[PDB]
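Residue numbers (this note's numbering), protein chains in the order written: chain A, 1 to 228; chain B, 229 to 548; chain C, 549 to 868; chain D, 869 to 1173; chain E, 1174 to 1359. Each residue gets a CB set at the ideal place from its N, CA and C atoms; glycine is no exception. Following: one structure in structure tokens, then a few remarks.
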DNA sequence: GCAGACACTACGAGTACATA
DNA sequence: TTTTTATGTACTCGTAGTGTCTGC
Ligand SMILES: Nc1ncnc2c1ncn2[C@@H]1O[C@H](COP(=O)(O)OP(=O)(O)O)[C@@H](O)[C@H]1O
Ligand SMILES: [Mg+2]
Ligand SMILES: [Mg+2]
Ligand SMILES: [Mg+2]
């Protein structure tokens, strides 16, 4: 099998979720944070022709950056990984799929509860600002029938009170009150526009980011509030 | 059957580790106190400490989370340094369990000295996240848990059963072993050997199983295997007789014979002289053997140091 | 042969280290208990401890892995500090053995005090990786292995053969030595000298070979070499004579002479004074030597601690 | 006879080059030649205990006579991480010249060395082809058993009445030739044979004695002993931490020099007092303090002028 | 210093408001002030037979043990706690001493040796050079001083005084005075 | 192309612990 | 009127020096 700068790209991303990854034969890759805070899944170009466990995902993505695009990835006769570049050959380990934290099946979202979208451009403006503004916690609520995001700094106001930042996401059509609170630490997804499906049942709830390329599902936090 | 098998493993004291809280062999009040919890449906903070290993702590930690359907994160205590708490443990605890499950962090074997600072950072953490998430701690030695942490936890103390519980718990293990035998294909010719395994290393139910593993070499426990478990390799009659007669040439000769396992022989001696000698000579024989035992292993020539015990005895010991 | 030769080395007690578990000279039940394992085809956690050196522990550790076709990693205990476990040992154990082999980590000579914390981190590790991978530990002194680790392991205890095994095992070594001689080109004129080597330092099969090296100076073992091996001194006359005469300058001088094997010299002393002194001075000489023996090996300067024995004797020992 | 012509101390520049030059008794010289015969060296421990016998010399020799690539290291300096870094960097390394690598450790029967000695158990085995170790000891028991197992333990000294006369003849003939080289003059030939008889087993002393009449070119336990006479504490209490280092040696030099300087019935007590203090050393938590308790015990009961 | 009306701000305000953390650093460092060690309150409790005030505090078995070693009257019970000290409750160790050392009094001064650290140098530099230990290194100094004046030996060896070696001998600028002294009168 | 900015490494200082 | 033993190991903090990724 052969991996493309497009997919080597989508993986450096799943490295910010789990240091390792489980990939089974196919066009589809999933991973989940060890502590279950984040779940990613995607369908890909390059085709995955054998199963394997990768303990180091980000360091092997580092070693595949040193060969040519034409390089042929195969299971090694000796069961590890052989990367054959044209003039060269590299040997990288496999761990057993016990020490890498795989989800079982590709967790399907429920019927959503509310839905909005976000433009690629406006994701940039959030992440990039959070650093400066020290926005470590954000909240999706409604304002004037129009859903806004809100940045806060949780250490400064533990209460999510002085809202340091806000971005209006689109019109809110239905009728419900909600404050969903997401830890900036779980936002691991790559940039671009996402359809946003969030769901809540009492002390239940979750937020799915549906991208063009891969899907992302992020846990809410416990002070999150709503009637649904 | 009623027993759990992990079937993903061969090591047998780990193949049979209990799935639920009912399977665990526990003192009366300790079981009751756990069933109670599994009821309330939410788990408080809990410390489970041995200090004798293999009493079920790390099993019950995993158990409780199962019986409550916890959303659980298991952690090696010694891997649990401070920045671990800060990043992953804190992410986990701040995460909304979205299917409405108790979040529980099991920190196994947390009693290392080095982890003090991590445990300190933890003291304000367990308070901030107490609504969402709770912590179960396992330790061999409590004093390695800073006091402020024992305040915050229900401290349950394993392996100190009452005289009544010991007897009952053992009886429960003999049955539990028997049912393992049925499962593994080991056949029991004499039951006395299953009982003797349980009694021999009691407090610890792990080595109690892995002792059954290694005495099953031949696939049967017969009254022969019983000899090794209880092991008395003994005929001490030759020494006892020479001590009565207060001679040396004979004692001096027997010393190099028992130089082999001194630890065992000293036992079989204290055992059989205790009955055969006078009451105030009993208080002495312990002073005499007890001292000889202490300094063994400092003693250069074991054979000689054994002779010195024989002379010491023949002189002061008295009986008919 | 039937014998293994490493041929990459000259040091001869290491050229002949047994390849398989059958080659090893072991007590009845200990062999049986290992053959049993090599059968099940998977290895449990095992602790192998002497405390007399060169009984076969570190050989049997390597042996078992061979007879099972383990995928093995060998480690110096003292190099085994905590961050070692964390990085390499943990990488290894988490690695899928892809050709379907048992993974086994042999941690040789793990009984240092300093390694306590590493052994503690290990207690939760051996449980997490128990399906894939197991640990074999070698130690001279058990008490240097934290109890929670002895719970997790099958603890097999070397060098305490039964009266029966000793005799058998020795017989096996006399044959094993003979076959080494054939191989090295040493010729045996009198067999009594091969038997005497084995008996002389028994528990320890290493110095037992390296004693064969150094008594082969002349390339034949004749009844002359037999004299040196069985030799000892017996010449305790110089000390006995100086003790009668109750002088010091002489005794004080003899001390550094016997400082070499104290354990032997104390024996030959108790043996030969027992006949040459009065009956109530016999009860004292044991108290005097018995005590001196106990504290040896605590004693800093062995030579001086030997002088202190001589003075003690010359004063209280009274006899003709 | 060998001379190392860049060195300033007698005993260091006249150190015997070969296993021959050394003055030893019978089974000693045989057993050494028998060893160098095989051209590869086993593990070896050498011990006197009567010092100045050639321990440290015979080691550098056995190496020489095997064309061994030899790393000499003092025991006192052989800490745990010394072993880890260099001594391992050494025995792990293959040699261009394809010789045997050998590590001499002089006087390894010191104290803190204890945990190091345990590191070696599994080291001396792990490079057992490349290299081997020669260990020097004044007291054996100060070498943990699992090392004594790995090593061939040869034990020096105690020559026959015959060896005596021949050795004494050798040493005298040897000193002469040194005087020739150094430009020291021999006025009488009974002064030479005095020196050899005087301190006999100790040839190092006897060469050290000679480096002290040599201003012309022709032929320290005092601090403690003085404080013990004076029966004071402030001074004794101060000296304790000084000798806390090698306790085993100090106790020897004490029993040696008090035996002459104290009364006869006080000799029987000093042994009871030091003999006991010696026994329990190594059980004793604070070695420095346990040494103080010896000083006090002595100053009180020891009586003399 | 312009503007000439600035309500002189304290050392700290200047630092913090302007944000140069090295000023903040000299400022904080100002509070360094490090001593503590109430050890003698425990020790004096054991001498003068008073109220414990312990296990709430940090006890040094070694401090106590050693402090008491100053006085010959205590030794029997300091010694006892030596052979037997390891494996006694930090508290047990304190309960013993209290039940052991009978009288009470002590004034301060502990015993230390005289170090001619000229002479300490010469001995460690022989010990290093020849890879021999200290007691022999001694014999060395004597037969050199006695014969050969050892200026030569001091001359050849001075080359390595490596300033790190100096870190082993004494602790201060007296060290930098030696650096020069061995480089001098040979 | 560089210079600037961010992230990850390592060493030094401090601290605490256990065995001798 | 006081005042710090030796040897090994582990965790955390702080900073400074190294890198790579990025922006005229
Ligand atoms: N057997 C010997 N023959 C010749 N010289 C000797 C002998 N033993 C010791 N010496 C003298 O002692 C010096 C070194 O002694 P050394 O081997 O260090 O004794 P030790 O090992 O007992 O400390 C040598 O320079 C040597 O001249
Ligand atoms: Mg456990
Ligand atoms: Mg070994
Ligand atoms: Mg020497």
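- Distance from the Cα of residue 1020(D) is smallest, within the candidate group 1035(D), 1003(D), 1063(D), 1052(D), for 1003(D).
- Beta-carbon to beta-carbon, residue 337(B) and residue 306(B) are separated by about 7 angstroms, close enough to satisfy the 8 angstroms threshold.
- For residue 999(D), DSSP records a beta bridge to 969(D).
- Residue contact with chain C for residue 533(B): present (Cβ-Cβ distance below 8 angstroms to some residue of chain C).
- Nearest to residue 765(C) by alpha-carbon distance, out of 906(D), 885(D), 886(D), is 906(D).
- Proximity of the beta carbon of residue 874(D) to ligand 1 is not indicated: no heavy atom of the ligand is located closer than 7 angstroms.
- Inclusion of residue 581(C) and residue 442(B) in the CB contact set at 8 angstroms is warranted, their separation being smaller than that value.
- Note: residue 32(A) is bridge-paired with 39(A) in the DSSP secondary-structure output.
- Every beta strand (DSSP E) of 3 residues or more that sits fully in the stretch 340-405 of chain B is shown, in chain order, as 361-367, 382-385.
- Under DSSP, the beta-bridge partners assigned to residue 89(A) are 84(A).
- What you get when you keep residues with a C-beta closer than 6 angstroms to any heavy atom of ligand 1 is 879(D), 882(D), 883(D), 884(D), 890(D), 891(D), 892(D), 916(D), 919(D), 920(D), 921(D), 922(D), 923(D), 924(D), 925(D), 1071(D), 1072(D), 1075(D).
- For a Cβ distance threshold of 8 angstroms, residue set 204 of chain A lies close to residue 327(B), ordered along the chain.
- When secondary structure is reduced to three states using DSSP, residue 168(A) falls in the strand class.
- Look at residue 643(C): its C-beta is under 8 angstroms from a C-beta on chain A.
- Exclusion of the five residues before and after residue 671(C) leaves 694, 696, 697, 700 as the residues of its chain whose Cβ lies within less than 8 angstroms of its Cβ.
- Around residue 956(D), the same chain offers 991 as residues with beta carbons nearer than 8 angstroms, after the five sequence neighbours per side are excluded.
- Runs of the beta strand (DSSP E) spanning 3 or more residues and lying entirely within the stretch 732-793 of chain C do not occur at all.
- Between ligand 4 and the CB of residue 1021(D), the shortest heavy atom gap is not smaller than 7 angstroms.
- For residue 680(C), the nearest CB of chain A lies under 8 angstroms from its own CB, placing it at the interface with that chain.
- Burial check for residue 14(A): the Cβ neighbour count within 10 Å reaches 16 or more, so the residue is buried.
- In this structure, the alpha-carbon of residue 459(B) lies about 47 angstroms from that of residue 953(D).
- At least one heavy atom of ligand 2 falls within 7 angstroms of the beta-carbon of residue 366(B).
- Of the candidates 793(C), 806(C), 797(C), 757(C), 806(C) places its Cα closest to the Cα of residue 781(C).
- Shortest gap from the CB of residue 1031(D) to any heavy atom of ligand 3: 7 angstroms or more.
- Interface annotation, residue 748(C): not in contact with chain B, CB-CB separation never under 8 angstroms.
- Less than 8 angstroms divides the Cβ of residue 1245(E) from the Cβ of residue 1101(D).
- Contact check for residue 253(B) and residue 401(B): beta-carbon distance about 6 angstroms, within the 8 angstroms limit, so the pair qualifies.
- Distance from the CA atom of residue 1282(E) to the CA atom of residue 1164(D), rounded to whole angstroms, is 18 angstroms.
- DSSP links residue 226(A) through a beta bridge to 178(A).
- According to the DSSP assignment, residue 1214(E) belongs to no beta strand (DSSP E) but to the alpha helix (DSSP H) extending over 1212-1220.
- Sixteen is the threshold: when 16 or more other Cβ atoms of the shown chains lie within 10 Å of the Cβ of residue 914(D), as they do, the residue is buried.
- Within chain C, the residues 577 have their CB atoms less than 9 angstroms from the CB of residue 456(B), given in chain order.
- Look at the beta carbons and you see the stretch 284-295 of chain B touching the stretch 244-251 of chain B: at least three pairs across the two are nearer than 8 angstroms.
- If you look at residue 932(D), you'll find it isn't in any beta strand (DSSP E); it sits in the alpha helix (DSSP H) that goes 923-933.
- DSSP places residue 116(A) in the strand class (E or B) of the three-state scheme.
- Straight-line measurement puts the Cα of residue 97(A) at about 7 angstroms from the Cα of residue 22(A).
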